[PDB]
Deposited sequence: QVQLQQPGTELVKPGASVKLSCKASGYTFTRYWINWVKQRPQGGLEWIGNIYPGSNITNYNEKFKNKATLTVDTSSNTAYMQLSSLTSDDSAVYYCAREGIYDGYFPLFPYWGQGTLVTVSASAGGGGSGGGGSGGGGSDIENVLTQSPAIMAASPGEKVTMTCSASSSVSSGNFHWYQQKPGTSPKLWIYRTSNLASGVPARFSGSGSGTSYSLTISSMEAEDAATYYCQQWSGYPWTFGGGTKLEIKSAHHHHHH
């Protein structure tokens, strides 16, 4: 089984986060890093076998990604910390294998750090509430066009890592019930629940790729 295992500092110091990989050959799969504060951001990724990286311009100067092949471990060093850096940091491995550009459905549980030119995705509404049986639909819009192959949705409940929900616009991820459905194209996409349920209350995030960087929406909180 593919698993990523992740295990307090003062301003200006550096810290190294680890992501221990097992269940597959380490050298041949991209690992991505992601930041979260009370939305979600893509920091960058690395191909371990060749030590090749892609960075989001925004973290170019904070983050450095390395690997230790000998121990199947990816690292991210964060430099010169501020309060802004205090966040949850996830690692995630690629991806879904059907001939389209992979994404990353395998997340570590995240590590919590406390400190003493892209396709923007606007998600609405930020907070909504509904009752069971009711239809629920939510919306994501992008400053620029996105392939239907590279538009995805995640569900996150407090305390747990995000969880792939819909991929490539309309395919239901593994554990996901038929009530859910996604649709959309070009620059406008939506997620729909035929009949709301108690289970389904959570923060939902849209995700796109259309060249780097990966971006997320600000989230939709359902209650």
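Coordinate coverage of the deposited sequence breaks at 8-10, 42-43, 122-140, 248-257, these segments carrying no C-alpha atoms.
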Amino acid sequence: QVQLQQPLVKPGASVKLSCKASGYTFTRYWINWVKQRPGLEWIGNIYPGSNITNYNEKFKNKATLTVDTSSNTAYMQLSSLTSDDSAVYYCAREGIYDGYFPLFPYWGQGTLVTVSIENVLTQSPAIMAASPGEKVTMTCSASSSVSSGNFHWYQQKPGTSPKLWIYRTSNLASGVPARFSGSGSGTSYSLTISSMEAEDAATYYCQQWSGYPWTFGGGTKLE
From here on, numbers count along this sequence of modelled residues.
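Between the stretches 122-130 and 90-98, it is 122-130 that shows the larger average CA temperature factor.
Just going by the entry, 48-56 versus 177-185 on mean CA temperature factor gives the higher value to 177-185. Residue-level inspection of the entry shows that, of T169, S195, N61, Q156, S195 has the top Cα B-factor. Highest C-alpha temperature factor among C206, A21, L17, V9, as the PDB entry reports it: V9. Annotation for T69: CA B-factor lies in the middle third of the chain's modelled residues. In the PDB entry, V113 places in the middle third of its chain by CA B-factor.
When all modelled residues of the chain are sorted by CA temperature factor, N150 is found within the lowest third.
In the deposited entry, the Cα temperature factor of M76 sits in the bottom third of values across the chain's modelled residues. In the PDB entry, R28 places in the lowest third of its chain by CA B-factor.
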